[PDB]
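So the protein lines, in turn, are chains L and Y. The first sequence lines up with residues 418 to 917, 935 to 950 when you count with full-length UniProt numbering. The second sequence lines up with residues 418 to 917, 935 to 950 when you count with full-length UniProt numbering. By construction, the Cβ of each residue, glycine as well, lies at the ideal position given by its N, Cα and C atoms.
There are 2 protein chains.
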Amino acid sequence: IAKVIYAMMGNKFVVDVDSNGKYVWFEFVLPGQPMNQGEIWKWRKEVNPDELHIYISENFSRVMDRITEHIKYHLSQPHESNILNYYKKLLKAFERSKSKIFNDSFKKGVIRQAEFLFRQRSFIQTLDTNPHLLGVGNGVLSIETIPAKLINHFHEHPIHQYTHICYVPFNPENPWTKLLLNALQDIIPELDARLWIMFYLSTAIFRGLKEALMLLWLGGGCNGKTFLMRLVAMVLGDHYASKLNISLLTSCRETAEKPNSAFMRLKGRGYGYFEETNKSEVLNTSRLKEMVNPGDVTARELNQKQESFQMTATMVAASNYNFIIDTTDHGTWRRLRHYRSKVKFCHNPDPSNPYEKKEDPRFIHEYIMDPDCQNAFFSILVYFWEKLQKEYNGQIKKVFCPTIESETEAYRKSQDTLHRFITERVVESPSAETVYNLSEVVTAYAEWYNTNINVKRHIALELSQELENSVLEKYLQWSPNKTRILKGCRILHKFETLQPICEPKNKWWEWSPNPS
Amino acid sequence: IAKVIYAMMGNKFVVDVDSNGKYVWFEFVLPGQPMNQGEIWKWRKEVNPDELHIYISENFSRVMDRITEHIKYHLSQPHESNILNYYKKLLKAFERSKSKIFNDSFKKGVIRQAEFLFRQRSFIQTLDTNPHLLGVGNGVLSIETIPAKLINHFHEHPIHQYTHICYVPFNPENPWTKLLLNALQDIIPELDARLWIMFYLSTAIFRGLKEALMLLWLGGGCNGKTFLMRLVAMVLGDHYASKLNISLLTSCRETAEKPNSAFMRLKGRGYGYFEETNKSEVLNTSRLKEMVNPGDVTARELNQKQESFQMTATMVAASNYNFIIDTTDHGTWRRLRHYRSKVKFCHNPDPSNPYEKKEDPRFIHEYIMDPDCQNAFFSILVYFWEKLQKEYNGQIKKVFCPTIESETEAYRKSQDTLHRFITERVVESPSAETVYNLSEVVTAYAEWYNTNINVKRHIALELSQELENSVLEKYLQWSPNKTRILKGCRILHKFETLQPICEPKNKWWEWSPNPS
DNA sequence: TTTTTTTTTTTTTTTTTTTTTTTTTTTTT
DNA sequence: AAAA
Ligand SMILES: Nc1ncnc2c1ncn2[C@@H]1O[C@H](COP(=O)(O)OP(=O)(O)O)[C@@H](O)[C@H]1O
Ligand SMILES: Nc1ncnc2c1ncn2[C@@H]1O[C@H](COP(=O)(O)OP(=O)(O)O)[C@@H](O)[C@H]1O
Numbered sequence: 418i419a420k421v422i423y424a425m426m427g428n429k430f431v432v433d434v435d436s437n438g439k440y441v442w443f444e445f446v447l448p449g450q451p452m453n454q455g456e457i458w459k460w461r462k463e464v465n466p467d468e469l470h471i472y473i474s475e476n477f478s479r480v481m482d483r484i485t486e487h488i489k490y491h492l493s494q495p496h497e498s499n500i501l502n503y504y505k506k507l508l509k510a511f512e513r514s515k516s517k518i519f520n521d522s523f524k525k526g527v528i529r530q531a532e533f534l535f536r537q538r539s540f541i542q543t544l545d546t547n548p549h550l551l552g553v554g555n556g557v558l559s560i561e562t563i564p565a566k567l568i569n570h571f572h573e574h575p576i577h578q579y580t581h582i583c584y585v586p587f588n589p590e591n592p593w594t595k596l597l598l599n600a601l602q603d604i605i606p607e608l609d610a611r612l613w614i615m616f617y618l619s620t621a622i623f624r625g626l627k628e629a630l631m632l633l634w635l636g637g638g639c640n641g642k643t644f645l646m647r648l649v650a651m652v653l654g655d656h657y658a659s660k661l662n663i664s665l666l667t668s669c670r671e672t673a674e675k676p677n678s679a680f681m682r683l684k685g686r687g688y689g690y691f692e693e694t695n696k697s698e699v700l701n702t703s704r705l706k707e708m709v710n711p712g713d714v715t716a717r718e719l720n721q722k723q724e725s726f727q728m729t730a731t732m733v734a735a736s737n738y739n740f741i742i743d744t745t746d747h748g749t750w751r752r753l754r755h756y757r758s759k760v761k762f763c764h765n766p767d768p769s770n771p772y773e774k775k776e777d778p779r780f781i782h783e784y785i786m787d788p789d790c791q792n793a794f795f796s797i798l799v800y801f802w803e804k805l806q807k808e809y810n811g812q813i814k815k816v817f818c819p820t821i822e823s824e825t826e827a828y829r830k831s832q833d834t835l836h837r838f839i840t841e842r843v844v845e846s847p848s849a850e851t852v853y854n855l856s857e858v859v860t861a862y863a864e865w866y867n868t869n870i871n872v873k874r875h876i877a878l879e880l881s882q883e884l885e886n887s888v889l890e891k892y893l894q895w896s897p898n899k900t901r902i903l904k905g906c907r908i909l910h911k912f913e914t915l916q917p935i936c937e938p939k940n941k942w943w944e945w946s947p948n949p950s
Numbered sequence: 418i419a420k421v422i423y424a425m426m427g428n429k430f431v432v433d434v435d436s437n438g439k440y441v442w443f444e445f446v447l448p449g450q451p452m453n454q455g456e457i458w459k460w461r462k463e464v465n466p467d468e469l470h471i472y473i474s475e476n477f478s479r480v481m482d483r484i485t486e487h488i489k490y491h492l493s494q495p496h497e498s499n500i501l502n503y504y505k506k507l508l509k510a511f512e513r514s515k516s517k518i519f520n521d522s523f524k525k526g527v528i529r530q531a532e533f534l535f536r537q538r539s540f541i542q543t544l545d546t547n548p549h550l551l552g553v554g555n556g557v558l559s560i561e562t563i564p565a566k567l568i569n570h571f572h573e574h575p576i577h578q579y580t581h582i583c584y585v586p587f588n589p590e591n592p593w594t595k596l597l598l599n600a601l602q603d604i605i606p607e608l609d610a611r612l613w614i615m616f617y618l619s620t621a622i623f624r625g626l627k628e629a630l631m632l633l634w635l636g637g638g639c640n641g642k643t644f645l646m647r648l649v650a651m652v653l654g655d656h657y658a659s660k661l662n663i664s665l666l667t668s669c670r671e672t673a674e675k676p677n678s679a680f681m682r683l684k685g686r687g688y689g690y691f692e693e694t695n696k697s698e699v700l701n702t703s704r705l706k707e708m709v710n711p712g713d714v715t716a717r718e719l720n721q722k723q724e725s726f727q728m729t730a731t732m733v734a735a736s737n738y739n740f741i742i743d744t745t746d747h748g749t750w751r752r753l754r755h756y757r758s759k760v761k762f763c764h765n766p767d768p769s770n771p772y773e774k775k776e777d778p779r780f781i782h783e784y785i786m787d788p789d790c791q792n793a794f795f796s797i798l799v800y801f802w803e804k805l806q807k808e809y810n811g812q813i814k815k816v817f818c819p820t821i822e823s824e825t826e827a828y829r830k831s832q833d834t835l836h837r838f839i840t841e842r843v844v845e846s847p848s849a850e851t852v853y854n855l856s857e858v859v860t861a862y863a864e865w866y867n868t869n870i871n872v873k874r875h876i877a878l879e880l881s882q883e884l885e886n887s888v889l890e891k892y893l894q895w896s897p898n899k900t901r902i903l904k905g906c907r908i909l910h911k912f913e914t915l916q917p935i936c937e938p939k940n941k942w943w944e945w946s947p948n949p950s
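Structure below.
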């Protein structure tokens, strides 16, 4: 029967071997059959095929009946004795064998035999490999061409994961679309920054390789954060987006004994966000380069082994407090972006202040669980992604935002404790002073850092190189003992310093050819 | 049935026993059969024989037909009564068992029985033992002789692991080959160093015993590092190369109850690298001698037993910051090599400066996932390896490079704290200097090192010996109490002052004549 | 306070059992 | 038609 069953549904069941070696089945659902919500036109995993057993027992019996009536007909026609005896023996044997198809053990054996024919090599590892296909509640969305196309019929693309958000073409006249656009515009007034943030967030749908970017934006509190940042994750669903933990960035270099189980996250997921923390924290300068770069990343999670994989997911970090970055290498400080929210939300609006408005808690308590709002947001996001693709050819760095890369470099001017310490505690001594050797500078810098920013361990040797790299390079002399000495300085302790764009008409999403 | 089946394909299936005692099957992939990308002409592991199960019922069935008609022929020829009755009984017995080959349990029993016949003793442990054979996407490559031979037909070498890179003969006229050669030449201008690094990197393909070499090379940042370091590992693939963690080189020593997993790596992997992680880490002189020697290394792993394997892998290291190496024995510092980059890459070129170049991000963001570049890079690598084999008889110590082994000894001059301290703080005694008891100099040197390099603990015993090993041996006296007193030493505690080649035309890969 | 973390690794499954047997109708009485 |  296995061959006949393969003839039955060669287009509705696929058998594949998992990592553990247990064969698993996958079936292509069709409309009008018992099923979950929003999986139509998608493959679904399965362990013990029920539809197969039902089809074997019910539909397959019709063919047996056809065989039986064919035997009836050929026995009816006149013939010779020997052929009639042969037909009678064949009929008796076939009737004896007919009832076996309803037996449980026979059906199980048939299934075990048939799982070999249904096998299709290279099916698990090709699942969801194409980054241009997204599973949606009403079918599949392909972003390969412009415009994106919705497929809701038979196809051959092996997609298994999905989101339960139905897609509709971007309609600006939808009331919820209008509400979302107005709220988003009110969240951040700058049009260039608005377009830049929307463009950056649009790339989350893509799951292939992306440019090495880092986005972090900081505010006082009660701002637009955690509203759209959580809304994007809710729209994308758990399958394609995932929340992270800030401990992934604040943790020191754990030993090989520690099985860091959060590194295995982001596998396949194209968007990850760090929720607002509770205190100002300090980066380790590790877990940054490997979390920004598009190269291979690998780590063991828990009671398993080192596994390499590609990490491709847009990152966002929002905190009410401030961050700590301590480095000046051009490798970093170049794949990072910082923004600061200029708006505030409170119950009683302050008149004549455009940078403060009445907060509506209804945006957070509800408006997330409404499917219509999620559908409108998804349409807006796909429209923005199509805009980016048709304008800058998928190059996020190409787009221009004057406010960005200016506030970013302004922040880069901060987070430099060494230069600030030099300006605070070093002055141009004309004469009547010594060379101070070299250890005094690192010692004073260490104690000032402990008593001004935070207490932490320091290495005396490493601080020297930036000391030459600092502005004190001109007053950095050599020594007959082949050491580095300082000059033209006084080391001070207390404060005894005395020792002589535009706006759109009615639509901003329509955008202007030159960056608006 | 099992004997006949063993006669069917005794040249396509091999049964062996793993460590756990479970029998496993291996199948020889041939062209024109279902198979994943790039495993042609190579053995593949298998758990539950599939093609065997199909062959039992499809091709083998015909054989019984050849028997059946034969009986009819003998039944057709006229003979005695008894022989005809014998043939009738034979046919009646045989027809009722003809269909038995389709039963699932019968097939499983036949497979279980034939498991013994197909067994080939000493097959798993002899897999990939030959180091001259590599599995490539279009067959197998043998580096046994010169030129290397690409086998793409039947053979008998038991290889199972492979890389998915198709091999082509080295052609300089390929555009990717020219681009890679130009970029690599630009990465490090020095011809001798370029040839030496290419020669060293060529040995990653070999998997047998290698020379005890540890190459490390530093740079300011945004350099050629992490580009070819990742490129080589990508080209080799996960099977023959893997990434390690710098923790293995900074952890002091893990004690018992250790779930060591990264230590027990490098099973056959001939290439190892460390990306630029941490900020100016420290070495404690452990985990180098066993990580440089060609000796056997033994380790356990999670729910495993402590097993010993021959560690053979070309090791490379690169960082933006400085290392801390503290030892002076001739055994070490002899299996080490140092290099430093001399170029910088940035978005704003400096004209007339040969040591600055416009960096091309495309080299990283892409050019890795393109197979066309990978094939050319592999061809370059194998060509360089064959050049080394024909020139220096496979020995990397005999190759000539003046810049290397000169900058390396220059680095060895650094990382010597005792010499620097001696010619920084202690000078010859002018007058009124005593014996200073014993080990007071190293006692002060402890705090000097803590305030100058880094904080750590010290032991007086070994530190005493290097004082004799230092230049201060001449100014060391014996004492009536049989103690090593220190004479002729000022022991100063202040900073104010002491108290009284060439390049070819256009083909560097041509290697130039023997001096090169 | 930081340091070992202590508990997560180890157990503990797993998964037993159905397999079959019998019958078996027809053949043989 | 009942027993192997
Ligand atoms: N465009 C908007 N108009 C009015 N109210 C808003 C708007 N965006 C957000 N809000 C409200 O302001 C509050 C902001 O709080 P929250 O998002 O927690 O700030 P933060 O994330 O910065 O801590 C939310 O409860 C939300 O209901
Ligand atoms: N020979 C070259 N010519 C032009 N650009 C290069 C060359 N080598 C590297 N680059 C570019 O310069 C950048 C250097 O960055 P990276 O390799 O990360 O340096 P590092 O590893 O020292 O931080 C790379 O992104 C690469 O695109």
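Cβ atoms of residue j and residue i: under 7 Å apart, would you say?
{"i": "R752(L)", "j": "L632(L)", "result": "no"}
{"i": "residue 919(Y)", "j": "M651(Y)", "result": "Absent from the coordinates is residue 919(Y), which sits in the stretch where chain Y moves from 917 straight to 935."}
{"i": "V843(Y)", "j": "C906(Y)", "result": "yes"}
{"i": "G556(L)", "j": "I568(L)", "result": "yes"}
{"i": "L626(Y)", "j": "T702(Y)", "result": "no"}
Any chance the CB of residue i is under 6 Å from a heavy atom of ligand 1?
{"i": "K642(L)", "result": "yes"}
{"i": "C790(L)", "result": "no"}
{"i": "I781(L)", "result": "yes"}
{"i": "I604(L)", "result": "yes"}
{"i": "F762(L)", "result": "yes"}
{"i": "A650(L)", "result": "no"}
{"i": "residue 928(L)", "result": "One cannot assign coordinates to residue 928(L), given that chain L in this structure leaps from 917 to 935."}
{"i": "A716(Y)", "result": "no"}
Quick check: does the Cβ of residue i come within less than 6 Å of any heavy atom belonging to ligand 2?
{"i": "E857(L)", "result": "no"}
{"i": "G638(Y)", "result": "yes"}
{"i": "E803(L)", "result": "no"}
{"i": "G748(L)", "result": "yes"}
Round the Cβ separation of residue i and residue j to the nearest angstrom and send it over; I've been treating them as touching at under 8 Å.
{"i": "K761(Y)", "j": "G637(Y)", "result": "6 Å"}
{"i": "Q727(L)", "j": "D713(L)", "result": "6 Å"}
{"i": "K804(Y)", "j": "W613(Y)", "result": "The pair is not a contact, with the Cβ atoms about 12 Å apart (cut-off 8 Å)."}
Shorter than 6 Å, the distance from the beta carbon of residue i to the closest heavy atom of ligand 4, or not?
{"i": "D833(L)", "result": "Looking for ligand 4 in the displayed structure turns up nothing; the ligands present are ligand 1 and ligand 2."}
Residues from the region 459-471 of chain Y in contact with chain L, defined by Cβ distance under 7 Å: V464, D467, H470 and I471
Beta strand (DSSP E) runs contained entirely in the region 808-844 of chain Y, provided each spans 3 or more residues: none
Residues within the region 799-828 of chain L neighbouring chain Y, beta-carbon criterion of under 8 Å: Against chain Y - using a Cβ distance shorter than 8 Å - the region 799-828 of chain L contributes no residues.
Interfacial residues, the region 448-459 of chain Y to chain L, with Cβ spacing under 8 Å: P451, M452, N453 and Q454
Members of the region 583-596 of chain Y that neighbour chain L once the beta carbon cut-off is set at 9 Å: none
Ordered list of beta strand (DSSP E) runs contained in the region 649-695 of chain Y, each at least 3 residues: Listed in chain order, they are 658-660 and 688-691.
The region 709-723 of chain Y: positions lying closer than 9 Å to chain L by Cβ: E718, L719 and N720
Those runs of the alpha helix (DSSP H) which lie wholly inside the region 876-913 of chain Y and span at least 4 residues: 877-886
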